[PDB]
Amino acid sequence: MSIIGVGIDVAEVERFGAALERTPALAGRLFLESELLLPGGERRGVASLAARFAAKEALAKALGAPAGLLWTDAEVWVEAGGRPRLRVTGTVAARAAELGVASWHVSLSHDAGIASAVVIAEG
């Protein structure tokens, strides 16, 4: 296997939060319902959502996309042991397929002020 693309995004949380206020609308366009909520039903706060949006931007960059994605065609989930994962369908899985990606590696991070993600696509 070989690296196909890498992506990084680092976002100020307060700014991301302000963007969600500006049309909401946005949240529904950015996130699947499953991304908004923990398995126990608790609602994610803004820093954690910012990290999930950063992962999607990082995936868009790893795929060489110029103007983002059909965001709902990408899904950040978390394995039982805690490792984040990306699931891609439709438009994003098509882009993935034409590049030859067989494997994503993703890491997410946040504190209250900064959220980040990195994605490595291999194939």
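Quick note: we count residues from 1 along the sequence shown, nothing fancier.
Visitor: Averaging CA B factors per stretch from the PDB record, which one is higher: 81-89 or 22-30?
Guide: Higher of the two, by average CA B-factor, is 22-30.
Visitor: Taking only the CA atoms, which stretch has the higher mean B-factor in the record, 5-13 or 99-107?
Guide: Higher mean C-alpha B-factor: 99-107.
Visitor: What's the residue among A94, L38, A62, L49 with the greatest CA temperature factor in the PDB record?
Guide: The record points to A94.
Visitor: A74's Cα B-factor: lowest, middle or highest third of the chain?
Guide: Its C-alpha B-factor, which the entry lists for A74, ranks in the middle third among residues of this chain.
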